[PDB]
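Look below for two forms of one protein chain, each set out as structure tokens: first structure 1, then structure 2.
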Structure 1
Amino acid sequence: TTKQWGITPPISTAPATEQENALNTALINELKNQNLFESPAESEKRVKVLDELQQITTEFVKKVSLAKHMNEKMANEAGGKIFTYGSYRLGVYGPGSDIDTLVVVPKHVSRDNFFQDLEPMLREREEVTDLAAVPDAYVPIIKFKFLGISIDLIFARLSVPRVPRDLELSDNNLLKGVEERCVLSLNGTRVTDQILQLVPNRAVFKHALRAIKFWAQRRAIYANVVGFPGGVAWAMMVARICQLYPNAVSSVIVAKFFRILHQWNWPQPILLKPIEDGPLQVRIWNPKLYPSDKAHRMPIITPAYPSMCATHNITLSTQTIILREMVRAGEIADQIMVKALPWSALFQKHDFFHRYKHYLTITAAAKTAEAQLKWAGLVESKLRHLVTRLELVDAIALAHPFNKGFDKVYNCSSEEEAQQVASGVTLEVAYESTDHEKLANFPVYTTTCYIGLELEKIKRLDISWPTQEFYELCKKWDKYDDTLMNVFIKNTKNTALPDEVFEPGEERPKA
């Protein structure tokens, strides 16, 4: 019709039939029955919190500017604006979900002023509790809970001497004079905005992303750190289907989502807009000349400059899992559109611990809980490096990483017994199950991750080389010492799986 969304003409501009619109009402009703819509009183609280954090940013930049001997007029008009991105700005977020915030300041407020001046401004503010402002080891990030609302603040330094109260990060010229670390930060909110503008109907895009993100979480194909696409990645995938069906309702989008994507001839990338060149001369994802961007299995390119592949972590094994989970979800999507299945049938839990014969048990142990959290985060981060080395053997045809990890606390008696727990030997020892840090500032805390295996297939298999590389890769961490932390890998058959991986009532594999 009179509208052309996306980089290709749509598949069908047809309106929604009475059945499609009725199924859409059933889809939204099912999403509400899972408490995926938060509450009107809680969203009003997030708005008052963000406006409260915006008043602090003006107070923050004004104090740092006066310390640089700025005039009464310049320090007043220096400004400083806070932005948001991620699940919150897309409008798709459940209760308790964190608000991915981002602070923008002029260049005269350095990253040193971000941790030295803003952190005390938050504690003295009587509404901030559990503030864990970690000095930058990766990206300048600060986590806290303003009025109970969890916030993840990311620093960004602009070269422009003043940031007005009504600034928009759409102009590509603002990236000039900004360090590469602070450029990728701004790219988070630039892509979140570009997504909401390249879709025909925004309301249809939000309901569809709710069901697709929920389905991905319920099947453990949502974690980015292990090789599965992230939230922004899934948002761009449902955005592309919304473009091809402009006047369709959310139920139609979800049903057509699984079919179109698993039959998509990869690695033909998904683009929400034609890739635009910019001022800075940096890589802009061209698989024809860059061999690194060519090897991307399922490329999903962000529409904001510079255009990067959000799904570059995807390996051969993760790709096969995503394609197979899309095929199953599609068949369910086809039978719910004919009223042969309820919408709740799509959000069924995964069956990871019943799909493979051999599971690779990967645990990380430490003496204290503070060290355990830091150590468990790094071992999980290096998990995608292990499946890539396990794919090279191809006596293993598939190395499926698992989403989360199981935390158990051992209460050892003797010092010689804790050294066994810290190793592959696990006797009959008491293991309490926990989630996170305790005490609020001989026990051995562990965190177990799994990797499913499908074997290609003579008499035995030796994965000693990838496991040894994984050991050195985790112990190369600069914040590590073998006096407190350790990591080991073990084998586990179907029958040898622990009781923790099964919820009450499940049938363990008896083979």
Structure 2
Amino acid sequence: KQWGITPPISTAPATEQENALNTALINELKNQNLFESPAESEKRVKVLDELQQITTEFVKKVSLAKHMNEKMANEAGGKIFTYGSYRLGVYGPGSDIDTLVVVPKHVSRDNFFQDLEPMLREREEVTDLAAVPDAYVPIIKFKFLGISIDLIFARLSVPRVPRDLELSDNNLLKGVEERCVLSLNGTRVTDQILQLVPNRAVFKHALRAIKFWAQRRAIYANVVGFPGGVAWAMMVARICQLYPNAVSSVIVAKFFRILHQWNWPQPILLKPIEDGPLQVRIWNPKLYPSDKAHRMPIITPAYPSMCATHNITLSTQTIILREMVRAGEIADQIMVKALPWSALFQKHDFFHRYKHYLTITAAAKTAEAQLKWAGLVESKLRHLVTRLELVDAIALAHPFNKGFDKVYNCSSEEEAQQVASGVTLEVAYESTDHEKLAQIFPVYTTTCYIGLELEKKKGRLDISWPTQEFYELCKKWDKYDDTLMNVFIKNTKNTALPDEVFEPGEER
């Protein structure tokens, strides 16, 4: 069989040395503690079975509440799906479970918040329940027995959602709101990624390596213009198709070279782009100028096909390709036993590569608002880098979204507003992390960075208006409380970088 839309590059089996290196790669992954215990694996299956049970109870309640007869409420059904990194089977310890609840026609999005959310708060196993009703996609986040869940809603047009319902039928997209079809896409894409690889076990191991490399190099974030988890998976899936009989160590070594030499902006396709019954746009750079603008397009296989990497800016494209060339050189040294596998997962050098950094800090006086506020500021970083690209002096803006959390203990309430406004003065602070509590004057800050690459002379660095534009966008937030939340930007030279961004064994 031929996998993918292109004849393979090689169908040779794994050699003797590539099997030994494949074992040493899998061992390196275990040594980094990237696998959870089989206990917590069973625990996630237990939580999904509970949620599936709550789903049947939730749909039956809404059915009976709308005066449907008892027989049809039992037939009403409802099914829990999973997508993202859990459905792929490559997730770290403590990672979330992207979950989809699919309901029949008579179950409204109001029932998702006014009936299902009261059901989850009623249960003892659920903590940290936080529903955002004013989001573009309806989502409810909560911990079930300590396992973080992200639950999105999706109403169909079928009178009943049976338990054996597969989402492969494109006709099930008929008559559902264009909100709800994108929520179906998360599962339909993930199900198809597993169907299109020739070897699922080789794919999962290869993805776990590539994912860990991207996270260690801090190029694993679609919020700031890098490929997201779905994007990296479709990339690793493409190489599996091109080497259908290879082991994981081969897939990884060929992954970096094939992708930085790829003829961009030619898209990465796992299968031919489908047609469908809906009258909605499919990704076509020949028809839509916005699709034409995508620089490194990775196209999802589920109809309707879209570009998972539309956020990729000019800077972030340059950085993805730089990192692939770097990792390609390390991998080829690993495959000739010149280097161990641990070298491939050497952490980023973001705080050593530039002479000019931007410090972006979101501050709030209370820890509850700092969680919401620091997430708003992070979502506007991708616009700052694209705005900084429009500066003549700036050739590249490197976004670093691993926030650094501090808590400043000030004496006067005026000093609280003074440090929240950017005047650090000489106040004592302590480092913390995003695990919160739910004359003490607290100020909680989250610090991101943007590394600047200046243009070189052929034949003056003023970011005042991009900085001020950034403040207005953060403060246009519908939940911006001018009493608690603040945000400021500082020009930071490499020598003035704080000790927080360096580990004990690093230089400055």
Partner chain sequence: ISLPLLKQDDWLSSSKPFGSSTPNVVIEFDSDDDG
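Residue 1 is the first residue of structure 1, and the numbers go on in sequence order from there. Rigid core: the largest C-alpha set superposing within 1.5 Å between the two forms.
Structure 2 is taken from the form solved without the partner chain, while structure 1 is not. Core-based superposition between the two structures shows that, of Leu102, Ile336, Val128, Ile322, only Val128 has its Cα displaced by 2 Å or more. Remark: with the core as the superposition reference, the CA shift of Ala137 between the two structures reaches 2 Å or more. Taking the core as reference, the C-alpha deviation of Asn21 between the two structures is 1.1 Å. On a core-based overlay, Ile212 has a Cα shift of 0.3 Å between the two structures.
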